[PDB]
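A structural walkthrough
The primary structure of each chain is shown beneath.
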Amino acid sequence: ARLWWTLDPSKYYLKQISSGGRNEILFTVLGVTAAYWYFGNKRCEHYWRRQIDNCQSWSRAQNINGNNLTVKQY
Amino acid sequence: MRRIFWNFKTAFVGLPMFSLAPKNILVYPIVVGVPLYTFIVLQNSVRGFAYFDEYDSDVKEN
Amino acid sequence: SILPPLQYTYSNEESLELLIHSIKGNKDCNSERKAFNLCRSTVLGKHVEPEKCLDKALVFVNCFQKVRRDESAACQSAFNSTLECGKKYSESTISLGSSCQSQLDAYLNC
Amino acid sequence: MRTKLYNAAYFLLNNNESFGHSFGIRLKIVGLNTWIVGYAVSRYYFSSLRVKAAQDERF
Amino acid sequence: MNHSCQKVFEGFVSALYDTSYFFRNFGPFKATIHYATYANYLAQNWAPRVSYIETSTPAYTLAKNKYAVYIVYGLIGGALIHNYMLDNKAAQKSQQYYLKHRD
Amino acid sequence: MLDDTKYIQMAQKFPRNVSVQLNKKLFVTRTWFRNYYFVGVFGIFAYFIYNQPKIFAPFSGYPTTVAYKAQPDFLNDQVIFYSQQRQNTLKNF
Amino acid sequence: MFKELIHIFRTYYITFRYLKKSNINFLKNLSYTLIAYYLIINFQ
Amino acid sequence: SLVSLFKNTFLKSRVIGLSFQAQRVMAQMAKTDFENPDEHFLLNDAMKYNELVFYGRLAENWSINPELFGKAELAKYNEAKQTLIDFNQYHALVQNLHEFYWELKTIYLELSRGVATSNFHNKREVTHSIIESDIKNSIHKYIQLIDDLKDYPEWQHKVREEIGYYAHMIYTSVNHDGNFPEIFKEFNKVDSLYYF
Amino acid sequence: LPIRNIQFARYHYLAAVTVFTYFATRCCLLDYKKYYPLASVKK
Ligand SMILES: CCCCCCCCCCCCCCCCCC(=O)OC[C@H](COP(=O)([O-])OCC(O)COP(=O)([O-])OC[C@@H](COC(=O)CCCCCCCCCCCCCCCCC)OC(=O)CCCCCCCCCCCCCCCCC)OC(=O)CCCCCCCCCCCCCCCCC
Ligand SMILES: CCCCCCCCCCCCCCCCCC(=O)OC[C@H](COP(=O)([O-])OCC(O)COP(=O)([O-])OC[C@@H](COC(=O)CCCCCCCCCCCCCCCCC)OC(=O)CCCCCCCCCCCCCCCCC)OC(=O)CCCCCCCCCCCCCCCCC
Ligand SMILES: CCCCCCCCCCCCCCCCCC(=O)OC[C@H](COP(=O)([O-])OCC(O)COP(=O)([O-])OC[C@@H](COC(=O)CCCCCCCCCCCCCCCCC)OC(=O)CCCCCCCCCCCCCCCCC)OC(=O)CCCCCCCCCCCCCCCCC
Ligand SMILES: CCCCCCCCCCCCCCCCCC(=O)OC[C@H](COP(=O)([O-])OCC(O)COP(=O)([O-])OC[C@@H](COC(=O)CCCCCCCCCCCCCCCCC)OC(=O)CCCCCCCCCCCCCCCCC)OC(=O)CCCCCCCCCCCCCCCCC
Ligand SMILES: CCCCCCCCCCCCCCCCCC(=O)OC[C@H](COP(=O)([O-])OCC(O)COP(=O)([O-])OC[C@@H](COC(=O)CCCCCCCCCCCCCCCCC)OC(=O)CCCCCCCCCCCCCCCCC)OC(=O)CCCCCCCCCCCCCCCCC
Ligand SMILES: CCCCCCCCCCCCCCCCCC(=O)OC[C@H](COP(=O)([O-])OCC[N+](C)(C)C)OC(=O)CCCCCCCCCCCCCCCCC
Ligand SMILES: CCCCCCCCCCCCCCCCCC(=O)OC[C@H](COP(=O)(O)OCCN)OC(=O)CCCCCCCCCCCCCCCCC
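The record lists cryo-EM as the method behind this PDB entry and 3.0 Å as its resolution.

Taking the PDB entry as the reference, chain I is identified by name as SDHTT11 belonging to Tetrahymena thermophila. Within the Protein Data Bank, this record goes by the title "Cryo-EM structure of succinate dehydrogenase complex (complex-II) in respiratory supercomplex of Tetrahymena thermophila".

If you check the PDB entry, chain D appears there as Cytochrome b-c1 complex subunit 8 from Tetrahymena thermophila.

When helices and strands are counted, chain D shows one helix and zero strands. For 59 residues, the compact-globule estimate of 2.2 N^0.38 gives 10 Å, and the C-alpha radius of gyration of chain D, at 23 Å, exceeds that figure by more than 25%. By its C-alpha atoms, chain D is 60 × 40 × 20 Å across when sized along the principal axes. Split into buried and exposed, the 59 residues of chain D put 19% on the buried side. Looking at chain D as shown, the accessible area adds up to about 4900 Å², and 59% of this sits on carbon and sulfur atoms.

This part covers the interface of chain A and chain E. On the side of chain E, 32 residues touch chain A, which itself brings 26 residues to the contact. The largest contributions to the chain A side of the interface with chain E come from A:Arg22, A:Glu24 and A:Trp48, which together make up 24% of the buried area. One can count one salt bridge joining chain A with chain E. The tally of links between chain A and chain E comes to ten residue pairs in polar contact. Tallied by class, the residues present in the side of chain A that touches chain E amount to 13 nonpolar, six polar and seven charged.

Glancing now at unusual backbone geometry. One non-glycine residue, F:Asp77, lies in the positive phi region at around 55°. Inspection of the secondary structure assignment puts F:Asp77 in the loop between β1 (64–73) and β2 (78–87). A relative accessible area of 42% means that F:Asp77 is categorised as partly exposed. In this structure, I:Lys43 is a non-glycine residue whose phi angle is positive, near 60°. Here I:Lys43 is to be found in the segment after β2 (40–41). Taking relative accessible area as the criterion, I:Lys43 reaches 74% and is therefore assigned exposed.

Another point: the interface of chain I and chain G. The interface is formed by seven residues belonging to chain I together with six residues belonging to chain G. Taking both sides of the interface into account, the surface hidden between chain I and chain G amounts to around 560 Å²; carbon and sulfur atoms contribute 83%. For the chain I face of the interface with chain G, the top three residues by lost area are I:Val19, I:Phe20 and I:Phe23, together amounting to 74%. Linking chain I to chain G there are zero salt bridges. Inspection of the region where chain I meets chain G yields two residue pairs in polar contact. Tallied by class, the residues present in the side of chain I that touches chain G amount to seven nonpolar, no polar and no charged.

With that out of the way, let us pick up the site of ligand 5. Near ligand 5 you find 25 residues, and of these A:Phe27, E:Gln44, E:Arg49, I:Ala9 and I:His12 are the closest. Each of chains A, E, G and I places residues near ligand 5. Separating an oxygen atom of ligand 5 from a backbone N or O atom of E:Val50 is a distance of 3.3 Å. I:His12 is positioned with one of its side-chain polar atoms (N or O) 3.0 Å from an oxygen atom of ligand 5. Relative to its unbound accessible surface of 2300 Å², ligand 5 loses 46% to contact with the protein. Elements with a contribution of two residues or more to the shell around ligand 5: α1 (25–47) of chain A, α2 (27–45) and α3 (64–101) of chain E, α2 (21–42) of chain G together with α1 (6–25) of chain I. Its residues assigned to classes, the shell around ligand 5 shows 14 nonpolar, nine polar and two charged.

As a further point, take the environment of F:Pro53. Note that F:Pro53 resides in helix α2 (residues 24–56). Of the residues examined, F:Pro53 reaches a relative accessible area of 12% and is grouped as buried. Apart from the residues within four sequence positions on either side, F:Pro53 is in contact with F:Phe48, F:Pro58, G:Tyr38 and G:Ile41.

This part is about the site of ligand 1. The immediate surroundings of ligand 1 are formed by 15 residues, with A:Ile17, A:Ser18, E:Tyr38, H:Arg14 and H:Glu51 found nearest. Near ligand 1, the surrounding residues are drawn from chains A, E, G and H. Here H:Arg14 contributes a side-chain N or O atom positioned 3.0 Å from an oxygen atom of ligand 1. Isolated, ligand 1 exposes 2100 Å² of accessible area, and the fraction of that covered by the protein chains is 34%. Counting residues per element, the ones that place at least two in the shell around ligand 1 are α2 of chain E together with α4 (49–61) of chain H.

For E:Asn45, the location among the structural elements is in helix α2. In this structure the side chain of E:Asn45 is engaged in a polar contact, spanning 2.8 Å, whose partner is the side chain of A:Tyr12. The contacts of E:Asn45, once residues within four sequence positions are left out, are A:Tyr12, A:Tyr13 and A:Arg22.

A comparison of contact numbers over the 26 pairs of chains in contact places chains A and E at the top. No interface is formed between chain A and chain B, the nearest pair of C-alpha atoms being 14 Å apart. With no contact between them, chain C and chain G keep their nearest C-alpha atoms 11 Å apart.

With that settled, consider empty space enclosed by the protein. Taken as a whole and assessed by the stated rule, the structure comprises one cavity of 30 Å³ or more. A volume near 30 Å³ is recorded for the largest cavity. What lines the largest cavity is simply A:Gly21, A:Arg22, A:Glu24, E:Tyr52, E:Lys64, E:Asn65 and E:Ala68. Ranked by residues supplied to the lining of the largest cavity, first place goes to α3(E) with three residues. Residues of the lining of the largest cavity, tallied by class, amount to two nonpolar, two polar and three charged.

The next point concerns the nonpolar core. By size, the foremost hydrophobic cluster in this structure holds 72 residues, and its most contacted members are H:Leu145, H:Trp155, H:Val159 and H:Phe184. Per-element tally for this core: the top contributor is helix α5 (residues 71–115) of chain H, with 15 residues. What H:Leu145 contacts, discounting residues up to four positions off in sequence, is F:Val18, F:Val20, H:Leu97, H:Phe100, H:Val159 and H:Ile163.

Definitions and cut-offs
Residues numbered from 1 in each chain as written, not as in the entry; some residues may be left out. Chains lettered and ligands numbered in written order. Part of a larger assembly, values for the part shown. Heavy atoms only, no water. Helix = DSSP H or I, 4+ residues; strand = E, 2+ residues; numbered from the N terminus. Rg over C-alpha atoms; globule rule 2.2 N^0.38 Å. Buried < 20%, exposed > 50% of the residue type's maximum accessible area, 1.4 Å probe, protein only. Areas by Shrake-Rupley, 256 points an atom, 1.4 Å probe, with all protein chains shown as cover. Contact = heavy atoms within 4.5 Å. Buried area = accessible area lost by both parts, 1.4 Å probe. Salt bridge = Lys/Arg side-chain N within 4 Å of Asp/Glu carboxyl O. Polar contact = N/O pair within 3.5 Å; in protein donor to acceptor, adjacent residues only side chain to side chain. Nonpolar A, V, L, I, M, F, W, Y, C, P; charged D, E, K, R; others polar. Near = heavy atom within 4 Å. 1 Å grid on protein atoms, 1.4 Å probe; cavity = no way out; pocket = protein on both sides within 12 Å on 5 of 7 lines; lining within 4 Å. Points joined across faces, edges and corners; volume = space filled by probe spheres on them. Core = buried A, V, L, I, M, F, W, Y, C linked by side-chain atoms within 4.5 Å.

The structure is reproduced here in structure tokens:
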């Protein structure tokens, strides 16, 4: 059998762009900005929460037809 | 009528396959998984395999 | 977010006090707790007619209150030592070290 | 047109050390990869199972 | 196969071939496919990267191409650590606010 | 340098009116073998990647849930329900 | 790795011979995209 | 017209830059076989191949604004545009030949699956009529193609060596009885002697 | 010939493979429901 395992990068994808190295910083800036936005939203939603349980938290239920939900004691 | 010519006991595809394949397919599985699986299972049980009973198992209704 | 929201905001001091008192109570009054849980397990005792459990519940609560109110001087001293150790452990943002198990064992034996 | 036929070589060749030595390595790698993929599939399958239901329950 | 089923099968495969050919070679569809193929090629073979073949003498290689990896690592690590610190600050702020509001 | 003379000549001088008719049946057969090996082989891998997270991380796909409270209606033998919207969150770790 | 899996399937399965190098490349691109999506999503 | 300036600059840059590469890409495509003519570009190195394929359409279709072009620059752009159109036609020709090759290879693959040793479920002693007709018509088209390439000895030789290989394998897959003399009548003239 | 940041590429590929395998197989996050019958109890 032939040995083929290796961690080295393939030369097919190792080319540079004409003006220099590949667009690494430009894409990393976008990635960092997107991560900042996403994690900021997640943190804001997560931390500023409380559960308030009282009569005003309950409303009258209804069917998908909009009528009030009541089930008989059949 | 398909006529097959085959040396069952000496051809490379025969009893030699039974002797060879099982001991070579399970080389990496055994030698890697068994130590790895043992490590993964035991590292939790530094103190013991104790089930901290969150429900009253010893309590039986009168 | 998937983590449940909080209902009652406990101060860190209050949280540690209640936690230590709870650990003590599970030793002092496990009998009342077990009886209450047994009576609250059945359908009739849990949803339909919870009042049949009320008396048992009361007893349990009383026991817990008695634990929450450290009556013995030795109990108070041990609880204060354990609570101070817990506060120091919690406030330590630097790499944490020794545990507060010794003080807890001292308190549970009071 | 009667299609031609042949006698598969591996059915009529005396077993040799080269076949064994090379196919052993190939089977080692095949077993490793198959074991990994099958473990993944097994975890997926078992996690896909439903929860136990009551006795004589409809819906 | 039976020659009647042969007629049916030939007609069906001809219809499939014609449908595929029309859909691929229709003006707007052809333009869409032609642009999307190149977009896919750009994405797959020219994705952002940190390792690349250096064919230039040290005098003819920019500094950006010698410290891009370090800049990327700095950006990512700083983002992660700053998000962690922001999470801790938000935890403290929320705790203090809801404590001072009641209990 | 490789002696690509003949290939250079082939590239420079190629016919511009020669074409071959394609048997539709064989083209379709090959393409449907390709579809068979896509849907039924790579489809397994694609569906695993798409779904396995949805099996091991279900809570992130169902954000809002509903809760109910009930009261009796003795004089009509009915049951009255009050609904409530909640954020589907973990519970009893 | 992917290359090796494709090579084994091509060399052992007669039916798999039907696929062009272009179709293999399309599968390669789709698999890479799915792997990137999997890595990203698991952490979300 | 700023947008016109940018459009024309983009077109000029891409088209002229690729025109200097069209020779290399076309030569490489010729070098490989017809099974996967773009094999080298997919596996080893994409020497501005996908770029040529994409920008050929733009060269053919997108308009030009001569007032934004010089004299020698405009002549060079027209030359490059013609080169890209030539590449478009060359790619179309190679694609046609490659698809015909795959037709023949499909026929051969069906035969091989027929005679495969693992084929314990679909073993057929006698070739059926449908595949015989397919073989006959495919060989007829191949002979017509060889005739049509009489002015291009290199192309004719490549078409033989590449496509006729599977015709020869099909020839070898079956016995010389039944309709065999009629099916391979055209093949027996010259091609059969070549593949011996 | 020289490849910029080759070692970084090797380690990134290794990390990607490790993470993908970890999440796909969940090798580290086993299930212990099968061991519960074979475990002692407290309290
Ligand atoms: C961000 C949010 C918005 C995203 C919107 C995306 C929209 C995409 C629409 C695409 C439409 C079809 C396009 C057809 C091609 C037309 C353009 C063209 O031919 O190229 C011209 C131009 C030059 O091409 P070329 O001359 O042929 O050069 C190549 C040659 O080999 C010659 O090479 P060379 O050596 O001469 O060098 C030339 C160099 C020249 O290149 C450049 O100059 C470009 C450099 C980068 C941009 C620089 C400018 C930055 C500032 C822009 C500011 C814009 C402001 C806009 C304001 C708008 C206000 C309204 O070329 C390159 O290096 C090409 C770069 C290719 C980059 C590909 C990126 C792939 C990955 C993307 C996703 C990454 C996710 C990571 C997540 C990881 C998380 C862990 O290239 C480009 O325009 C590049 C575009 C690349 C991206 C297109 C595809 C994006 C798809 C994203 C994934 C979305 C998936 C969603 C699911 C799917 C269903 C929806
Ligand atoms: C020819 C006919 C053959 C017929 C065979 C019929 C077989 C029927 C099987 C029925 C199902 C058995 C399931 C066992 C589950 C075991 C785990 C378990 O208890 O989990 C609890 C399970 C929950 O699972 P979980 O915890 O979420 O995850 C389980 C995972 O396995 C993860 O758990 P873990 O993390 O603890 O995993 C342990 C770790 C352990 O891994 C290791 O460390 C590996 C160690 C290996 C050591 C081996 C040593 C051998 C020594 C060799 C020595 C050779 C010497 C030679 C010398 C030569 C001379 C020098 O990983 C593994 O166990 C690896 C598994 C992956 C397998 C990879 C290969 C898959 C493809 C190949 C399959 C076999 C093909 C054979 C073809 C034969 C052709 C002739 O829940 C239960 O309580 C279920 C209990 C099991 C019953 C399930 C019933 C389902 C019924 C479905 C309906 C249809 C049934 C159809 C039946 C048909 C019958 C004919
Ligand atoms: C529970 C969850 C759900 C599970 C099911 C999920 C299914 C997902 C979709 C699968 C889609 C598969 C089809 C698309 C892929 C490409 C197929 C293809 O090439 O198309 C043309 C090709 C036919 O080509 P052909 O020209 O007609 O054949 C002549 C060529 O020379 C032939 O040349 P060749 O080299 O191309 O042909 C080799 C051919 C293989 O085809 C053959 O040539 C022969 C196939 C039959 C072989 C039967 C065994 C022969 C004797 C061996 C010794 C057995 C000993 C057992 C007892 C041991 C006792 C100790 O290989 C394949 O089929 C490639 C893919 C195979 C794996 C994927 C399919 C797995 C199906 C598993 C369930 C099957 C149904 C239940 C069976 C059990 C019921 C109790 O395949 C087909 O059209 C048939 C497809 C397969 C049908 C099922 C046959 C049984 C397979 C059992 C495999 C078991 C593996 C172990 C793990 C199983 C875990 C579930
Ligand atoms: C849900 C999420 C969605 C978004 C994410 C998507 C992610 C997945 C990827 C999707 C990929 C597939 C996309 C769908 C296929 C679209 C096919 C198509 O366009 O069909 C046209 C195509 C007809 O065009 P044709 O046959 O190729 O051309 C001959 C015609 O006679 C026409 O001849 P003509 O000369 O009269 O007109 C030529 C030109 C109109 O000509 C003009 O007026 C000039 C256009 C711009 C030329 C390039 C100037 C670049 C200047 C530098 C910019 C630098 C920016 C900053 C960065 C600097 C540092 C690098 O019209 C086109 O052909 C437009 C094609 C699309 C844009 C091509 C330009 C690419 C480069 C510029 C954009 C990318 C940024 C590159 C930056 C870096 C550059 C180095 O076929 C159709 O008519 C099909 C219609 C039905 C299908 C849907 C049509 C959708 C139309 C969308 C228009 C979008 C315009 C751009 C918006 C930009 C917003 C920021
Ligand atoms: C219709 C169009 C056509 C559709 C076709 C169908 C398929 C879809 C196609 C769509 C097109 C895009 C497809 C995805 C890209 C595929 C790339 C590919 O296949 O490349 C293979 C190719 C394989 O090559 P290879 O030879 O095998 O080598 C690979 C090795 O891994 C070698 O890798 P490497 O070594 O070069 O590394 C790569 C590099 C890549 O990374 C980057 O540079 C990128 C960075 C992230 C940028 C993210 C930008 C995202 C922007 C998004 C903006 C919003 C978009 C919204 C769009 C909406 C719609 C318009 O990695 C790094 O930079 C490593 C960073 C590690 C950081 C470590 C942190 C350390 C912290 C500690 C610091 C030190 C502390 C010391 C303390 C000491 C205490 C004592 O990959 C590459 O070579 C490129 C690198 C890999 C890039 C992966 C990018 C994946 C992006 C997925 C995006 C999915 C978006 C879905 C959106 C859905 C919306 C609904
Ligand atoms: C849920 C479903 C599970 C079902 C499990 C089924 C398991 C199937 C395991 C199959 C193993 C591999 C062989 C079949 C597939 C081969 C695919 C392939 O590429 O091969 C092509 C090749 C054959 O094709 P070829 O050799 O012509 O090669 C192709 C060449 N050209 C292209 C020129 C045509 O290999 C084979 O098919 C070899 C077949 C060997 C068969 C060996 C049979 C052994 C039987 C042992 C029985 C033991 C009984 C013991 C009883 C004891 C009682 C006490
Ligand atoms: C090596 C190459 C091949 C590799 C292949 C790899 C495949 C990867 C597949 C990935 C996707 C995995 C999907 C898993 C779905 C499993 C569904 C299943 O059958 O689960 C078992 C299920 C009962 O499970 P459950 O209801 O949860 O009850 C137990 C709860 N404790 O069982 C049931 O409910 C039983 C009814 C459903 C199942 C019906 C199956 C019908 C099969 C018909 C076969 C027809 C062909 C026959 C051929 C031979 C003919 C002679």
